[PDB]
Every structure is written in C-alpha cells, then in structure tokens.
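S.K.: quick one: experimental structure and sequence below.
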Amino acid sequence: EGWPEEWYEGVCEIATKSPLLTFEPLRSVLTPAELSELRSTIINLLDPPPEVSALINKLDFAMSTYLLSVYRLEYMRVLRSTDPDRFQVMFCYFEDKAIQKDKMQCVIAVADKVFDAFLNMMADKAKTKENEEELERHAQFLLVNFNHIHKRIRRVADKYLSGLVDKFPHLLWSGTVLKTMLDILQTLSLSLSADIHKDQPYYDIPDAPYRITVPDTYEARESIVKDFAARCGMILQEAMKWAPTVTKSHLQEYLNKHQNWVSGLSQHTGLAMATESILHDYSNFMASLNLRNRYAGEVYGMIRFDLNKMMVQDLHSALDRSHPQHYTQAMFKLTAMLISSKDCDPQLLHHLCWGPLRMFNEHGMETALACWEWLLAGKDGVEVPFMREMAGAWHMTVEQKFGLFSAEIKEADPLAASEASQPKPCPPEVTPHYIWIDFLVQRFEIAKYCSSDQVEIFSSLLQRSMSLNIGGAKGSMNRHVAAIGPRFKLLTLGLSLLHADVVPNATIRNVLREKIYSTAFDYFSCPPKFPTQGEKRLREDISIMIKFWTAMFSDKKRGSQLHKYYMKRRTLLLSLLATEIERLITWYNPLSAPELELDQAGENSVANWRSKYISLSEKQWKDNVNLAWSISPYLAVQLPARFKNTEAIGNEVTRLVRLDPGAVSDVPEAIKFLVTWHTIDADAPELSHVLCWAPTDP
Amino acid sequence: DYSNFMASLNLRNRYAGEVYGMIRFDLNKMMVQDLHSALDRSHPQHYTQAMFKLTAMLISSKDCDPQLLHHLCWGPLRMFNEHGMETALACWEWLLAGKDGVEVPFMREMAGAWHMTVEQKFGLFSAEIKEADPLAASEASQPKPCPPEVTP
C-alpha cells in the first residue's frame, strides 16, 4: 500500500475472503541480481536468526515468491479480518505433509511476526466484556495444543502461551482456564494406565470440542504427563501469590461438581491436585465449603414440590426477633435459591443487599460477606447490578450516620467532674467498616484490570463520602482517636485509585485530590489524646499510618500556581503525619524493647524527614503559621500543641489572634493567647472584649 | 489418594441436607418406590441417589424400622455389579459410623444376604461350563475362553 487508491481497498477486501495457499510433490509442481535483491528484502522484513537466513540463501525464485505471497496475504487478512478465529488459521499451515518434507523454519518465522502483530492490535481494542471471552478462548486453544505429537509445535505453543500470559496478567485468576487445565490433566492421567496394547489412543475433553492423541510407548506417556504436571503447579502458586480469595473461591466452586463425586471413588487426580495445592488457616475453607454444599442441598430438597414469600418472611421474622442462627440460615437459603434460577428477580437481590442494615454487628457482617462472596463466585453476568445495590446501601449508611459517620459526644473533664457525672471513656465502635473497606479494596483491585464500568461506581462512591468542610463540628466523619484505621485506609484506597491512571480527564482529579487533602487536614483540628483500644488492634493502625505516609510521599505529579499550591500542603501534611506516627509508636511500648519491632523500611525515611524538618531555621518557619491560618484558624490554634522546639510559633499565633480574636471562640486554649496583652507590663487596655468567650475550668 | 475422602464427605453432607429439606413437610413409601423403580429400570444414578437418601433417612430416626434395614441390605442383590457394590459399601460404612448400637442386627441381615447369594450360585459359587477342545471342534463351535467374572 503505497495508482488508484481504491484498488488497495479492493485488495484488502479480496484478502478478507481469499482461501489458503494450500497444496503431491511441492517443488516439482512449481538473473542472480534480482534473486539477491529479493533475498535481501525477505531477510530485512523477517529479521530471522542467522541460521534461518543461511537456509534462505539457498532458494530459487518460486519458493521466495510463494513465501512473500503467504506473508502478504496472511498479514493483510489478520489485520483487516473479522473472523473470531484470527490467529489459529496459521496453525493449519503446519498440518500439511508436503511442507514437512521440503528441505518449517520460514513458516514459524513469519508466524511469529503475524502473532506479534495480532497481539499488538488486540492490546488496545477496548475494555468491554466479550474481549475477555475471546482472550479466554484463545488461551484455551493455546492450552490444549501444548502437548502436540510433533516437537516444534509444542515448543512454539509454549512460547506463545508464555507471551500471552505475561502480557495479560488477569488471565491467571480466570474462572474458565483452571477448569480446562484440570480436565486435561485428568484425561492425561486416565490415559496413563490404559493397557498399552489396546486400540484407539484418541481421547475426548468434556464441555469443549477437542481431542487428544497420545504416543505408544509407556516412557513417552509418563514423560509427557510429568512435563505437563509442572506448569499447572507453577501458575497455581503464582495465582495464589497475588489474589488468594478469588482463586480460593473458584477452587471451592469447582470441588462441588456433582459429576466428579461418583468417579471420586476412583483415582481422579484433578481433585487431588486441587486439594494438595490449596493446602500446600484451613478452617474457614472447609466451613464455607460445607455450609455451601449443605444449604444448596436443603434448597434443592425444598424445591421438589411463587416461593420467595416464605424465605422473605423467615428473614423478616429472624431480624425482628434478633436470632443470629435463624438469620444465617435464612440468608444462606436465600442466596442458594437466588443462585439457582433463570432470572435476576430484583427484589431478592435488594433484600439480600439491605439485610445486614437492620443488624449491624460483626457476626451479621461476616455472614453477609460470605454470602456475597458465594453469590459473586457462583452466577455469571451479575456484577454491575450487585455493585449498584451495594453502593446504594453504603450511601444509605452514610446518610443515617451509623458507624464511622456517627455523631460526636463530648466527655467530662477531671478538673470539674466532682458532680455526680464521673469521667469515663466513651469511644465509638466501628468493626463492620473495617472489613467492608477490605472487601471494597480487593474488589476494586480486580475490577481495575478486569472491566471499565465499576470504576465509575467506585469514583461516585468515594466522591460522595468526603467533603471540603475542614472546620469546627462538621466533617462527615468522626474525629475520635479510636477510629483512625478506616479513615486512613479509605484515604489510601482513594490515593491508589488516583495513581492507577484510570480517570480520563483532568478536572475530576483536582476535586478528588482537594477532598483528600481537606479530610486529612480536618483530622488534625482537635487536642491530642491517647489511644484507648486494646494491645491488639493498635499495631495494624500504626502499619496503616506508615503505609499512607509512604503513599503520600511517593505522590509527585495555571500550572505554577497549582504546583506550589499542592507542594506546600504536601510538605505540611508529611510533617504532621511523621510527628503523629512518632508519638503513637512512642506510646506503643514504653521501653525500647528491640524484640518487639515493626516495619523497618519506612521508619528510616520517617526519621530522616524528622531530622530534615528539625534542621530548619527561624525563617521559613514563621510562614507555616501563615499558611495554616490561611487554611483554617483552628489548625493554627492547635499547631503549638504538637510540640515544635521554637518560641516563634507562640509569638506569631499571639499576633494573629490579637489582630482579630472573633474568629476563634473555642474555650479552653484559645483565650490564653489573648488574655495576656502583657504579663506584667500592665498597659494597653483595648480590644479586650472577653464577654463573648465560653466558660473554662475553675 | 485423597479423592475418596472429599467425595464421601461431600456426598454425605449433600444428601443429609436433601433429606432434612424433604422431611420439613408416613414417608418411607415413596423412597421404597423410588428404589424399586430404579432397580427395575436399571439406572445407576437413581440407584445411588435412592440408596443415599434411604441411609440418610435411617440414620436420623428413633427406631430401627426393620423393613428399611432389610431393603438396604437386600438391595444390591438385584444389581450385582462393581458399581452397586461400591455404593453399598460406602452406605454401609456411613451407617456403621453414624448410628449407635446397630451393629448386631445389621450383621445378622448381611450374613443372611450373603447366605442367600451362596445358595443361589451367583458368582464364585456359580456352576461350571465345559469349554470346547481344539482337536475335534473344527465346526461352528470355535474354541473361545469363557472365564467367570467375580469382582464383587
């Protein structure tokens, strides 16, 4: 392509329907300078290893012309075609006897380039649904031919499979590849011991149109089965290394197939491979498996004789009576009934998603998480409606101020607690959000590679939770110390979403970053207090804070105005977080206790930043107070409490509050920056309108 | 060799759950009819399902219910293959492991069934058939081995 231009389009359309240049002796059927020129062009186009070029240099006109014609036709067809069997048509050129007799390497050389071109074309098609099915089918076709009876075929198939699997990582934890792998392994094992001198060495594969041929001698058979038994294990361990829960649930679902039960009394090495892989924290595995099987059987027994009414009423009665066991039984029966049907039946899904909201405990949340995992792993094409319902339920929880978003209750002070209301801690209790956020994190991690529609749902869910209202008593989030886990975990998830290069445009990112910064600053607008949770549940909070600190540090991406506007606040947040982490880890263990340690990597960076920010001078330090007052007065007021060994902070804060004292009317500590116009100088009786302030301790 | 473990466990759990679902609403008649129909039609899956449901029903009750035990023991004798024998052995193992104080009546019934098999000359006790000789059987009675089959 490069005369009438429409001729090239006609040529492309012809190639879109042209047959294969198949072929009975080959060579008998078909100026040195021109031969040298065409050989040079072929070598330049193919770029083969030197041995293949040396083989090529011994060819006549006709063979080179045939190779070039094959190259052009196959390249054009694979580029401009629409058949879903794009790249497997090239394999048919390997199944011709006539080519196998000539004195292969050229064919595989051109096939490599064709496959690379197809892969490059498909790498950026879209992120829709059916492309995943196409990729899975291609992977299956690669897998079945991995053990062909020839020699070069299986090694080139292995190379192609390695390339495909290292370009598309999400295929490892797919729900269709593993089934075919295990079925093929079982068929090979059944073929291993089959009375060698029988006939028809062909074999079949269930629920897939294919066939398998085996060699004769026993040593070849055991060699091929031993060779195939290694890739399965290596990729199983690789998949379990990254995303354990999804593959664990897939294995659990595969283990419960009814057909394999009867033959289970035979060898059936596929199940043995699965159970050995999963074992090589085993309680929840078997518990979930047994519960799933038993309740599916119960539902199938009940359906022997519409019907949603009795389980709906059972769930309602259990919730009204507050009976945990009836609750779990009803939820499991409901999801078992839903998983075995032909239609979505939306009211069942709505009741499943809004069930736990009437019983907000750890037990109910664990049961709901298990049921949701089973439902997600069981049915097909039900992701987006379930995600929509879950987002709706989460936003309802946000609206009603249930847990982390609950209101705030002030506690008494010891200095004036002599009245019959004695002091005692009253911390909030947020267990369920702590696990809900983990579920959301793992689901988002999968959906980032898998699809491109749940990303909008996640963005909407995150955007409608935080707010830019750093201030007195309105932040849409509790400020107690006992609830710093879920807050920073959610902020870290938001940062990770921002760093994944998913949101297309450049105005949503500004809003998201601004909201994240606003919430992070809002957390630091209260007097410091010491943690009240137990010895456990405290280490992981420090770990989460360290992770968020590292993620914040790594972030570095009218231009200049925004650049400085973000950099300064990044520096301030880094300093504040370092100070908070140091104080918390100090309170953790009083003595040094080298036996009781934490993560070592980030601590060194935190200490180095501590030294760097402690090494500054009196200037460029009186301006941080100005920046804090620009952000919000309350943070500036609370700044000296987080001790910094410099008296300039106090003087600057005193000057700022004396300039205008009406902004701050928080009783305890703000008046001490104003009540002393001068400690002993005893002059200037002006601007002292203390009649607006609130009462303090006696 | 771990497949038998999981297979037995899953079958036990699933069929116990199915029986518990069925009992929610006597009831031995339909189970006996299902077993009889499966035996008459010579269908393996119905056979295994009926036997497992029968032993699950028996294992959760308050009395021996002798006809159920007799039908359980005298069941495989009308389907004498390795499939039926494997199913019966699994069911017998589950029944022995599950219910307390049922050893001797089951042993009595099984011994009775074994003696019935002995007396009817079914397998190892079957009659002997004289095979042809190669020297003087050139006619349509060609010499073909005809060994007996005793798997169960």
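M.R.: That came through fine. Numbers count the residues shown, from 1 in each chain, chains lettered A, B, ... in the order given.
S.K.: OK, contacts around residue A:84?
M.R.: For residue A:84, the contacting residues are A:134, A:137, taking C-beta atoms under 8 Å, 6 or more residues apart in numbering or on different chains as the criterion. In short, each C-beta sits where N, CA and C put it, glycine included.
S.K.: whichever residue of the stretch 501-650 of chain A sits closest to chain B: what secondary structure?
M.R.: Ranked by C-beta to the nearest C-beta, the top residue of the stretch 501-650 of chain A for proximity to chain B is residue A:536, at 34.6 Å. Under the three-state scheme (DSSP: H, G, I helix; E, B strand; the rest coil), the conformation of residue A:536 reads as coil.
S.K.: how many other residues sit next to residue A:17?
M.R.: The burial count assigned to residue A:17 is 8, neighbours taken as other C-beta atoms under 10 Å in any protein chain shown.
S.K.: surely it is in a helix?
M.R.: No - when three-state DSSP is applied, residue A:17 is found to be coil, with no helix at that position.
S.K.: up against chain B, what does chain A have?
M.R.: Counting by C-beta under 8 Å from any C-beta of the partner chain, chain A comes close to chain B at A:255-256, A:260-262, A:264-269, A:271-272, A:275-276, A:290, A:293-302, A:304-305.
S.K.: re earlier: and the residue of the stretch 501-650 of chain A closest to chain B, how far is that from residue A:588?
M.R.: 12 Å (C-beta to C-beta, to the nearest Å).
S.K.: so those two - more neighbours on which side?
M.R.: Neighbours were counted for residue A:536 and for residue A:588 using other C-beta under 10 Å; residue A:588 has more, 16 against 7.
S.K.: got the contact list for the more buried one?
M.R.: Under the criterion of C-beta under 8 Å, 6+ apart, the contact list for residue A:588 reads A:538, A:539, A:542.
S.K.: re earlier: tell me the contacts of the residue of the stretch 501-650 of chain A closest to chain B?
M.R.: Under the criterion of C-beta under 8 Å, 6+ apart, residue A:536 has no neighbours.
S.K.: right, and residue A:462 touches residue A:512 too?
M.R.: Yes - counting by C-beta atoms under 8 Å, a contact exists between residue A:462 and residue A:512, whose distance comes to 7.4 Å.
S.K.: hey, what's in contact with both of the two?
M.R.: Common contacts of residue A:462 and residue A:512, defined by C-beta under 8 Å, 6+ apart, comprise A:494, A:497.
S.K.: now for the nearest residue to residue A:132 once chain neighbours are set aside, how many residues are close by?
M.R.: Distances taken as C-beta to C-beta, 6 or more residues apart in numbering or on different chains put residue A:450 closest to residue A:132, at 7.3 Å, once the chain neighbours are dropped. Other residues near residue A:450 number 17, with proximity taken as other C-beta under 10 Å.
S.K.: what do you get for residue A:292?
M.R.: Each residue near residue A:292 was counted by other C-beta under 10 Å, and the total is 24.
S.K.: can you name the next helix or strand after the helix or strand containing it?
M.R.: The secondary structure element spanning residue A:292 is helix A:283-302 (assigned by DSSP states H and E). The helix or strand immediately downstream of helix A:283-302 is helix A:308-321, counting by DSSP H and E.
S.K.: helix, strand or coil for residue A:266?
M.R.: Classification of residue A:266 using three-state DSSP returns coil.
S.K.: OK, contacts around it?
M.R.: Residues near residue A:266 by C-beta under 8 Å, 6+ apart: residue B:3.
S.K.: if we can go back for a sec, which among the contacts of residue A:588 end up buried?
M.R.: Judged by neighbour count, with 16 or more other C-beta atoms under 10 Å in any protein chain shown as the criterion, the buried members of the contacts of residue A:588 are A:538, A:542.
S.K.: got the contacts of residue A:588 as TSV, with distance to residue A:438 columns?
M.R.: Output for the contacts of residue A:588, formatted as TSV (distance: C-beta to C-beta, whole Å):
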residue	distance to residue A:438
A:538	18
A:539	16
A:542	17
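S.K.: what is the nearest of the contacts of residue A:588 to residue A:233?
M.R.: Distances from those to residue A:233 were compared by C-beta to C-beta; the smallest belongs to residue A:539, at 34.7 Å.
S.K.: isn't the closest one right up against residue A:599?
M.R.: No - proximity of residue A:539 to residue A:599 does not meet the contact threshold set by C-beta under 8 Å, at 10.1 Å.
S.K.: middle-most residue in chain A, spatially?
M.R.: Centre of chain A computed as the mean C-alpha position; nearest residue by C-alpha atoms, centre = their mean is residue A:445, 0.8 Å away.
S.K.: please name the nearest non-neighbouring residue to residue A:379.
M.R.: Using C-beta to C-beta, 6+ apart and skipping the chain neighbours, the partner closest in space to residue A:379 is residue A:339 (5.7 Å).
S.K.: and for residue A:624?
M.R.: Of all residues beyond its chain neighbours, the one nearest residue A:624 is residue A:572 (6.7 Å), with distances taken as C-beta to C-beta, 6+ apart.
S.K.: just residue A:208 next, same as before
M.R.: Here the nearest residue to residue A:208 in space, its sequence neighbours aside, is residue A:180; by C-beta to C-beta, 6+ apart that works out to 6.4 Å.
S.K.: show me where chain A has its strands.
M.R.: Using DSSP state E, the strands of chain A run over A:203-204, A:211-212.
S.K.: adjacent strands (with direction) for the last one?
M.R.: In this case it means strand A:211-212. When pairs are called by DSSP bridges, strand A:211-212 turns out to pair with strand A:203-204 (antiparallel).
S.K.: before we move on, back to that, same list (the strands of chain A) but as JSON lines, adding mean neighbour count.
M.R.: Output for the strands of chain A, formatted as JSON lines (neighbours: other C-beta atoms under 10 Å in any protein chain shown):
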{"stretch": "strand A:203-204", "mean neighbour count": "13"}
{"stretch": "strand A:211-212", "mean neighbour count": "14"}
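S.K.: out of those, which gets nearest to residue A:169?
M.R.: Evaluated with C-beta to C-beta, the strands of chain A place strand A:211-212 nearest to residue A:169, the distance being 28.2 Å.
S.K.: residues in contact with the closest one?
M.R.: Outside of strand A:211-212, the residues within contact range by C-beta under 8 Å, 6+ apart are A:144, A:147, A:184, A:187, A:188, A:191, A:202, A:203, A:204, A:205.
S.K.: one more: stretch A:332-352?
M.R.: In this structure, residues lying in contact with stretch A:332-352 by C-beta under 8 Å, 6+ apart are A:291, A:295-296, A:298-300, A:303, A:307-308, A:311-312, A:314-315, A:331, A:371, A:374-375, A:378-379, A:382, A:385-386, A:389.
S.K.: one more time with 6 Å
M.R.: Residues from elsewhere that reach stretch A:332-352, judged by C-beta atoms under 6 Å, 6 or more residues apart in numbering or on different chains: A:295, A:296, A:299, A:311, A:371, A:375, A:378, A:379, A:389.
S.K.: next up, phi/psi of residue A:683, please.
M.R.: Torsion angles at residue A:683 (phi, psi; degrees, to the nearest 10) stand at phi -150, psi -170.
S.K.: would you check how far apart it and residue A:657 are?
M.R.: Residue A:683 sits 19 Å away from residue A:657 when distances are taken as C-beta to C-beta.
S.K.: who has more neighbours, those two?
M.R.: When residue A:683 and residue A:657 are compared for neighbours, residue A:657 comes out ahead with 21 against 7, by other C-beta under 10 Å.
S.K.: what number of residues lie near the closest residue to that one other than its chain neighbours?
M.R.: The shortest distance from residue A:657 to any residue other than its chain neighbours is 4.7 Å, reached at residue A:673 (C-beta to C-beta, 6+ apart). The number of residues packed around residue A:673, counting by other C-beta under 10 Å, is 18.
S.K.: all set, thanks.
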